[PDB]
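What follows is each chain in one-letter form.
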Amino acid sequence: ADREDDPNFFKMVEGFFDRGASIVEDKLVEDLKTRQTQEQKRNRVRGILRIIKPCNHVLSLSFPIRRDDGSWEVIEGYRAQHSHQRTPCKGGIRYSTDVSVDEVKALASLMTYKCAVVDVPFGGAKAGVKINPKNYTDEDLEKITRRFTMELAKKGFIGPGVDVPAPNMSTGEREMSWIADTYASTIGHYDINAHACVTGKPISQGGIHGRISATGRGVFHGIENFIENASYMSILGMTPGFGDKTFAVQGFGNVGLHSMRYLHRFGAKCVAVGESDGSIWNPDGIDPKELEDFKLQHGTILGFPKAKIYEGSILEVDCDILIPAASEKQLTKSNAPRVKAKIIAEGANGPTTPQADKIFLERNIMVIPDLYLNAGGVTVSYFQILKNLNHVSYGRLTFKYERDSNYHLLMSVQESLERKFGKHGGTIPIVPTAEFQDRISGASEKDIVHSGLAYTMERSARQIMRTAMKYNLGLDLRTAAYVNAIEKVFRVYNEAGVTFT
Amino acid sequence: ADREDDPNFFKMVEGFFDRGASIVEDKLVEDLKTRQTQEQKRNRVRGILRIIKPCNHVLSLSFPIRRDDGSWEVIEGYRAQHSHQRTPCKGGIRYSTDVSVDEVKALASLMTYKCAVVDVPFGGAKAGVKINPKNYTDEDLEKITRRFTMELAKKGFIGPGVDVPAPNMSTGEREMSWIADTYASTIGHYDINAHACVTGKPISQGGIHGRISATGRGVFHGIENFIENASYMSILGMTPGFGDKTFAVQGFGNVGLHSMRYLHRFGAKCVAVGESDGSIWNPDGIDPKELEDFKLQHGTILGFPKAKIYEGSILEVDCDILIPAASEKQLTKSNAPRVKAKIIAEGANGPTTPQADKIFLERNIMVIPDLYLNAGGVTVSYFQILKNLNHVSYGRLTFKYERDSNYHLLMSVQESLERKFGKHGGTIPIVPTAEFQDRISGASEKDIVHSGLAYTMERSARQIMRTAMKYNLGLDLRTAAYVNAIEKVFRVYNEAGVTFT
Amino acid sequence: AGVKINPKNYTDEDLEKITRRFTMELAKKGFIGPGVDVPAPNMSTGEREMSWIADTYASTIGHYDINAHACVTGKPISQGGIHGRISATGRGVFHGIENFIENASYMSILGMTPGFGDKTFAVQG
Amino acid sequence: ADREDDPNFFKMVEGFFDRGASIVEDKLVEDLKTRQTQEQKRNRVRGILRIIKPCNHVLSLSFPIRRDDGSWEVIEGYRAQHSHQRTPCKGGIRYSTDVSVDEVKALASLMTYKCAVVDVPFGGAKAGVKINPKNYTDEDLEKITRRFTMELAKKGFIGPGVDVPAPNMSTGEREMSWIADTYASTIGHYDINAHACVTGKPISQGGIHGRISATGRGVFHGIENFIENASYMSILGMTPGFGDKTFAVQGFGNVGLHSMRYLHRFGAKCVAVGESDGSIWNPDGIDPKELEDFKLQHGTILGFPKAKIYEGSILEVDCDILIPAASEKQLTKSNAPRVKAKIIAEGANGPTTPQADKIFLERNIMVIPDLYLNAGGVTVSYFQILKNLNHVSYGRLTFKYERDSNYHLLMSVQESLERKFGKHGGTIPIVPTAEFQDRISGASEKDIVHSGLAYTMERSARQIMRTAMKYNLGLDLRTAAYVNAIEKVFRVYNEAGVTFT
Ligand SMILES: NC(=O)c1ccc[n+]([C@@H]2O[C@H](COP(=O)([O-])OP(=O)(O)OC[C@H]3O[C@@H](n4cnc5c(N)ncnc54)[C@H](O)[C@@H]3O)[C@@H](O)[C@H]2O)c1
Ligand SMILES: NC(=O)c1ccc[n+]([C@@H]2O[C@H](COP(=O)([O-])OP(=O)(O)OC[C@H]3O[C@@H](n4cnc5c(N)ncnc54)[C@H](O)[C@@H]3O)[C@@H](O)[C@H]2O)c1
Ligand SMILES: NC(=O)c1ccc[n+]([C@@H]2O[C@H](COP(=O)([O-])OP(=O)(O)OC[C@H]3O[C@@H](n4cnc5c(N)ncnc54)[C@H](O)[C@@H]3O)[C@@H](O)[C@H]2O)c1
Ligand SMILES: NC(=O)c1ccc[n+]([C@@H]2O[C@H](COP(=O)([O-])OP(=O)(O)OC[C@H]3O[C@@H](n4cnc5c(N)ncnc54)[C@H](O)[C@@H]3O)[C@@H](O)[C@H]2O)c1
Ligand SMILES: NC(=O)c1ccc[n+]([C@@H]2O[C@H](COP(=O)([O-])OP(=O)(O)OC[C@H]3O[C@@H](n4cnc5c(N)ncnc54)[C@H](O)[C@@H]3O)[C@@H](O)[C@H]2O)c1
Ligand SMILES: NC(=O)c1ccc[n+]([C@@H]2O[C@H](COP(=O)([O-])OP(=O)(O)OC[C@H]3O[C@@H](n4cnc5c(N)ncnc54)[C@H](O)[C@@H]3O)[C@@H](O)[C@H]2O)c1
Ligand SMILES: O=C(O)CCC(=O)C(=O)O
Ligand SMILES: O=C(O)CCC(=O)C(=O)O
Ligand SMILES: O=C(O)CCC(=O)C(=O)O
């Protein structure tokens, strides 16, 4: 409720898109070489960006579920499929009373540009049931999410080839298991890819190792790629490395917890934690496990044995990095001017407002765009659909060959050496180091996920920097990202003849 | 723009639904006999009506079309499917810049209760592209409506068995022809019912005689059933019959024109005609043909050689019957108190506001609900889907048998008589009257449509009256109608176990 | 078709779950649908379960079937039933008898008279 | 016909399932952490195992085929799909007059637990036509199996994504070719995976190298993993290795022949061979090729030039290992007490009865469960579906890159060494050994199959041992296996919310 400065979530993201469209329009028109034209090229380049902004299809459901206590109850649901330029649209299903067609619509677009930035071949999409998961019983929720899967199913809003839902606020591997089981037992009964209809599902259901921690681990990698490039941190008037840094995370949920888990592991210090109901603050730092354990057995962090119940704005906390990890539009124009963190790690979707951005730019703050920072979720989710398609857990088929061959390879150099340096050399044993030893069988699903996310995160980062440079965005990483997210999403459209009218 | 009194179209209709739900709730709970209960019956009866109110599925599209002059253009579209209690949902596709998700949502619900009232087995639905048909070329429009049909097609929002679109504001047999041709040449290529995906289509494309005039002819029948029942017209402090009456129609479009065509034919006098751009008023009456011809060659009625360009509120015109035949919510609280017409023939969807209704009740005015009055469109549209399913034009198979047999039947009584009254009787020729002669081959498609609409319109009327009586609604025909539209739409839900949770 | 339960042991809701779930199972193997197999009532099943069956079939597979509701018969009137289905088998049993109880020839071997009017009967179940 | 002790095949396997369910129930309830409960956890854990035991869907066909000599003939067929917890159910199609709904039902369940044990992601299933392949002409058989494929096809009992048939008794790559050709020329005409509907098909039809020998090679690997772990063989009061061992195989068919082929290759001695019609016994050992060749040109082993027609119980033969490789329930309570073999290699499905098991336990005999031992067929069959999905024969895309790169790698260490040890070193050629040489291009389809089966077989073995230990099963390998096959098959169910009621 930011009074002046509580913008329409879809138009906001739409706007962010627009600023990048500015820094690029020309070059789009430029590279564009379509013969007969002048700046007709421009208008073309101009129509396309207009065609990109809006959501293609948005479905609004309303369906009954019989509450445990007899009572019938109509429920609201939405699934916006922003783009198809890449087909399987992807996006999480948010369970919160705060959902709405515009909220989901934006959350959807953020998915399409997000995937662009990180090179994950999906269009964007987003779902949202309008309930408060804490009011329904665990069984009400099954009925609701199983029924919601059926409804989306019969209108083209879910399935391995059209739209692939995943987790978000108040949804996790549980509902992803429910969704997959009613889809695969219903429509996909004959689909060889029946279970790739959703991602973020449990391991026993076809999940992949590292999806729970994925977004956090990505938030972590997002930061590192930037917290270790002096140049940037110098403008930050800070040092390189988490090791001497400090951070405070808003929301202690999926991305929140794990983001804190990873930063902590790399020496960063978590001085504060914000939650729907309250804050915490131990300057001597809080321990991600301890805190999580407490949260686990208290359904709350409030009253953590080792930190005073802080009362203020968790966002206003004094710490090098603030990582918003909950609802959108939190760092608004009315609090931006005092967030006092050098780095804003946008782990949540759309946490900072255009106005707040402006301030951050002025206050000279680096806000790593959610549009790149939380791309760690779709990447690993991509490695899950990929997995599902492959029908094999990584390694199972090669491990042995991989190992045997590897030993032979070494043994080649060995004998090679012995044969020359004969009997004096006598025996020159060639042995894999500790490290290589634990790699002698090749990568496993866990290796691929981690190593993979790491490569994609680091790549999209440099991708963002070059752009930030070429255009002097400086610490305006976002619109540099949009610039990217715009020419990829543009190259597809343009080269497709746009539309069959 | 009715300042105080320009209500949310969906909540308005929702409300109308609610008042009827009041006059019935009890009896619903009553008839309801489900064993174990008390007034649990009530809560049940209460959940169901809650489950009925909202739209099941609503799809919001946005798609590009390349305007004739190169320019790319994103377009807005919606298709709300209010209910499925009866499967093929039905509703027209409105082309107006005034469309919106809520407008369509309401227009959709009005379809489901409307069909209930007139016993046409379809759930309600409504479509709306957001354009002003006068700005696009005739070809822009094909591209738009053919492209819109494709989009709705791939999400379950059109097809002989799910949703069957039809005409509405700024759409007619032309676009209905376009829709059917891209549906049947695309998805329905193998559908034996490929062409029943839409109704209101041209005759050469599988239309039915009387669909263009259907809604008007229905508006006419709606009035007669009420303008000839002294009792009502007595409260009206009026006489029985159109013959000595006078009326003024708003909007000179599909329902408008033809409504005027039919009333005129039955002696009623059309003193005024309102149009988007202007009014007309000849007290000596205007001629529906003359006026139409002029409109045809002038794309306007303005400046009709035989009537002075009236300037006022066509709705405020002094005439026995006012027939709103255009955009919704026109007789608002701010003009209701001076409409000066004894009968309000709601040919348009939702023209009178709850407040205006109240006034009309007070001023003691009879507003025949659109919820029954314009049901003439869905009825004949129902006779078109029915036709399409049958794959035969009415009569073709029987006409001859029908005729031959008929002559034999008469010739039986003939000989029967002669045989007794022998030679004196000598020859007693039995011959069909003029009338029977033109019925000797049995009904034709035109007979069925007309005779059929006539029967359904007159039936739903008496159905409305009995209800108006049983509950003392008096001249509050609407909520009597909702009372009907509610227990049919209720009987289905309840007896279906409601929902698979 | 035959489910192996005793309807008097399950609650009225157990039964919905069972028959709705049974309709889904038959559905995905070709054992129900307007064009392959059309279930109807029998012992311990009636217009109620026929309503349940039709609603999970038509809300599931037959969502696009123009004949989604002909997947089952014997369903309630509000669901697409027909007048006389409940009484149908009985009325047929009646007509079956008459056609035979009024043809002396047969009833003569029966050493009986023509007509129900002077007859007497006992029904099991 | 084991008089007392000829159990209902489905209940038998059901029982085996039950004993494992005992040794685990607790821990299932244990690990299970679902909040609100007590030993409610138990009941839950108890319902699930009840839900697992029975077959989901079982289809019973009867269809005509016109016997070559005019005569019409009705045929019996069954296809039981035991589970879906993993979708593509898998199982062979048995052609024998001994098929029956219960036989197939059991054979089906054995498939689901079998695949569990060896980590092959398929539910279990089994098919059975009721004919004696020796009575019909080779053409009768095509008609029958092509017609059977069509029937199963139209009821959901065959297809790349629901159920994938494979060989079994009296069916082989021939019928698997027939099945695939009528499926892919019929329903799967547009299926990109049309040919993965069946596995075990010929190479020219999309087979994989090693499927014929797969089950045998697996039986072999199954034994080795156990015949070389002193500890076990010590209780066996035997030595480690096939090299000094001796065995007798029942049934000289697919698994039979090849099992003998592989054991023989590793020094084991095949003293006897049993066949539907007769036994053989050369103590000096029989040669798998010789015997096969003779069988090939004599449609029988009876009268093998190098072994006396033995008359007794091939199962009662004096030999270290007895490998049942034919019909089920052969080592019953009435012959178990005198089988005189230290190791029972269950190559056939369900050859030993619970009673016989008990005896074997008492006599202190190790029966390696069919539930793990013949898993070599589904594994390679899994590598065939996998292959079919991939649409590429292993290696084709990488061989060259693989090789080139490999040589460069070596040449790196080479120059690396030379550069230091300069001109004295002068030339230190680094050359792949013989072994590495024949691996320089990376694995081929044959490498993957072999190396792959080897890894999976050896893994599931250790998996069985740890379990046999943790619970003191000792030489009761089976119920240790079920313990495994039960918590995997349990983890899926439980975490799926079980069922949408
Ligand atoms: N889970 C993913 O894979 C993923 C991927 C990308 C982006 N995200 C974003 O992360 C955010 C939340 O993470 P999640 O949804 O994965 O976890 P979650 O559903 O566990 O997150 C909710 C957590 O935030 C707390 N919370 C909610 N609103 C709060 C508020 N206003 N103040 C303080 N605490 C609040 C809740 O109590 C809870 O601990 C959202 O912005 C979502 O879009 C998640
Ligand atoms: N049909 C399903 O419900 C389902 C679920 C998951 C995975 N899959 C398939 O498997 C592939 C990746 O998963 P994965 O299982 O190959 O990899 P994985 O080895 O990463 O799977 C891990 C778990 O599954 C177990 N497992 C393997 N096969 C099993 C079986 N038949 N029964 C019970 N447990 C079994 C392993 O022992 C382990 O506990 C995907 O390509 C997909 O087609 C199917
Ligand atoms: N066509 C049908 O079958 C059908 C069926 C039921 C209800 N209706 C209702 O009838 C109404 C319009 O009839 P139509 O849509 O069939 O015909 P149409 O699309 O020809 O109607 C539009 C006509 O009204 C005029 N018009 C529009 N807005 C006006 C305004 N504010 N003032 C004066 N004139 C105006 C236009 O200039 C035009 O002559 C709508 O309320 C629609 O829901 C139509
Ligand atoms: N497939 C299509 O495009 C199409 C179009 C319209 C009607 N139909 C079918 O026909 C049925 C009702 O229409 P109908 O034509 O039977 O009734 P109808 O007799 O009311 O049709 C009137 C017009 O079609 C003409 N006509 C009939 N058959 C024709 C043909 N083969 N070619 C050209 N003109 C022909 C008549 O001479 C007349 O001008 C529906 O059941 C539907 O399946 C199909
Ligand atoms: N083929 C596979 O991939 C596979 C996989 C797993 C388990 N199995 C099991 O192996 C067994 C048979 O192997 P197969 O079916 O692959 O080969 P097959 O169909 O060639 O086997 C039949 C062989 O056993 C002989 N035979 C049949 N009944 C006999 C009896 N009672 N006594 C002596 N000889 C008899 C036949 O004459 C023939 O030589 C079955 O138990 C089957 O379930 C096979
Ligand atoms: N559509 C079919 O009937 C069919 C059959 C087998 C394999 N496949 C496809 O091929 C894949 C694995 O089989 P593969 O052939 O790639 O591997 P492969 O190289 O192991 O196949 C071996 C045999 O096919 C031959 N071969 C390859 N392409 C051929 C062609 N176009 N025509 C005739 N012979 C050809 C090789 O020379 C060799 O004799 C699968 O992914 C599947 O989609 C299709
Ligand atoms: O792609 C996924 O699996 C989840 C995407 C999502 O909601 C996010 O990245 O916020
Ligand atoms: O049912 C039809 O064909 C048209 C319905 C419609 O729009 C109306 O009755 O206003
Ligand atoms: O999975 C396969 O291909 C065959 C399975 C089978 O019948 C067995 O393992 O006995």
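Residues numbered from 1 in each chain as written, not as in the entry; some residues may be left out. Chains lettered and ligands numbered in written order. Part of a larger assembly, values for the part shown. Heavy atoms only, no water.

As documented in the archive entry, the model was determined using X-ray crystallography at 3.2 Å resolution.

Per UniProt, the comment on chain A under Subunit (literature references left out) is "Homohexamer. Interacts with HADH; this interaction inhibits the activation of GLUD1 (By similarity)." (UniProt positions renumbered as here; feature names shortened; annotations may be inferred.)

**A closer look at the sheet that holds strand 8 (residues 279-280) of chain A**
Strand order in the open sheet formed by six strands is 8-7-6-9-10-11 (chain A), and the pairing between neighbours is mixed. Every other strand in the sheet has two partners, leaving strand 8 and strand 11 (366-368) of chain A as the edge strands with one partner each. (Pairing = 2+ DSSP bridges. Helix = DSSP H or I, 4+ residues; strand = E, 2+ residues; numbered from the N terminus.)

**Here's the deal with the relation of the copies chain A and chain D**
Note on the copies: chain A fits chain D at an RMSD of 0.0 Å, the axial shift is 0.0 Å, and the rotation between them is 120°. The relationship between the two copies is best expressed as a three-fold rotation axis. (Least-squares fit on C-alpha atoms.)

**So, the interface of chain A and chain C**
The accessible area lost on association of the parts is a frequent measure of interface size. Facing the seven residues of chain A at the interface are seven residues of chain C. Interface area lost by chain A to chain C is led by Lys154(A), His189(A) and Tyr190(A), which between them contribute 57%. In this structure, the connection of chain A to chain C is made through zero salt bridges. Here chain A is connected to chain C by four residue pairs in polar contact. Across the side of chain A that touches chain C, the residue classes break down as two nonpolar, three polar and two charged. (Contact = heavy atoms within 4.5 Å. Buried area = accessible area lost by both parts, 1.4 Å probe. Salt bridge = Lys/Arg side-chain N within 4 Å of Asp/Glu carboxyl O. Polar contact = N/O pair within 3.5 Å; in protein donor to acceptor, adjacent residues only side chain to side chain. Nonpolar A, V, L, I, M, F, W, Y, C, P; charged D, E, K, R; others polar.)

**A closer look at the packing of helix 12 (residues 376-390) of chain D against helix 16 (residues 445-470) of chain D**
All names here are of chain D. Where helix 12 contacts helix 16, the axes come no closer than 10 Å and their chain directions differ by 140°. It follows that helix 12 is oblique to helix 16 by the angle criterion. For the element pair helix 12 and helix 16, the recorded crossing hand is right-handed. Two secondary-structure elements touch here, helix 12 through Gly376, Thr379, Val380, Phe383 and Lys387 and helix 16 through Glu445, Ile448, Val449, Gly452, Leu453 and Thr456. A per-class count over the contact of helix 12 with helix 16 returns five nonpolar, four polar and two charged. (Axes fitted to C-alpha atoms, helices over the stretch in contact; angles between N-to-C directions. Parallel < 35°, antiparallel > 145°, perpendicular 65-115°, else oblique. Left-handed = near helix turned anticlockwise from the far one by under 90°.)

**A look at the site of ligand 2**
Taken together, 21 residues lie near ligand 2, and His391(A), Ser393(A), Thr87(D), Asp119(D) and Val120(D) sit nearest. The residues that come close to ligand 2 belong to more than one chain, namely chains A and D. Within the backbone of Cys115(D), an N or O atom sits 3.2 Å from a nitrogen atom of ligand 2. In isolation ligand 2 exposes 840 Å². Once the protein is present, 86% of that is buried. A total of three residues in the shell around ligand 2 trace back to one element, the largest contributor, which is helix 12 (residues 376-390) of chain A. Of the residues contributing to the shell around ligand 2, the split by class is seven nonpolar, nine polar and five charged. (Near = heavy atom within 4 Å. Areas by Shrake-Rupley, 256 points an atom, 1.4 Å probe, with all protein chains shown as cover.)

**Brief notes about the sheet that holds strand 11 (residues 366-368) of chain D**
Each strand in a sheet pairs with its neighbour through backbone hydrogen bonds, running either in the same direction (parallel) or in the opposite one (antiparallel). Residue and element names in this part refer to chain D. Taken together, six strands build an open sheet; the order of strands is 8-7-6-9-10-11 and the sheet is mixed. Of all the strands in the sheet, just strand 8 (279-280) and strand 11 have a single pairing partner and so form its edges. As defined by bridge partners, strand 7 (residues 269-274) adjoins strand 8 across two bridges and the pair is classed as antiparallel. Bridging from a neighbouring strand, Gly274 pairs with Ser279 of strand 8. Here helix 8 (residues 254-265) sits on the sheet in contact with strand 6 (246-250), strand 7 and strand 9 (321-324), set at roughly 170° to strand 6.

**Some words on a nonpolar patch on the surface**
Side chains of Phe100(C), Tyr106(C), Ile109(C), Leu110(C) and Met112(C) sit close together on the surface and give an oily, nonpolar patch of about 570 Å² of accessible area. Within the secondary structure layout, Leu110(C) lies in the segment after helix 4 (104-109). (Patch = residues over 30% accessible without salt bridge, like charges linked within 9 Å, V, L, I, M, F, W, Y side chains within 5 Å.)

**Thoughts on the pattern of salt bridges**
Here the idea is simple: oppositely charged side chains can pair when their charged atoms come close. Using the criterion set out here, one finds 120 salt bridges over all chains in the structure. Between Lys488(B) and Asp119(B) there is a salt bridge; the shortest N-O distance is 2.8 Å. Of this pair, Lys488(B) sits in helix 17 (residues 477-494) while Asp119(B) sits in the loop between helix 3 (101-117) and strand 4 (125-129), and the two are 369 residues apart along the sequence. A residue is classified by how much of its surface remains accessible, and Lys488(B), at 25% relative accessible area, is partly exposed. Assessed through its relative accessible area of 37%, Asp119(B) is described here as partly exposed. The salt bridge partner of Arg478(D) is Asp357(D), with a shortest N-O separation of 2.6 Å. Here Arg478(D), found in helix 17 (residues 477-494), pairs with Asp357(D), found in helix 10 (residues 354-362); they are 121 residues apart in sequence, far enough to count as distant. (Buried < 20%, exposed > 50% of the residue type's maximum accessible area, 1.4 Å probe, protein only.)

**Some thoughts on helix 9 (residues 288-298) of chain A**
Residue and element names in this part refer to chain A. Along helix 9, the residues classified as buried are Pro288, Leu291, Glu292, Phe294 and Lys295. In a view along the axis of helix 9, the buried residues occupy a sector of 160°, so they form one face of it. Across helix 9 from its buried face, at more than 90 degrees, point the exposed residues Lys289, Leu296 and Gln297. Count one or two residues on from helix 9 and you reach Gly299, which has phi positive near 45°. (Arc of directions from axis to C-beta.)

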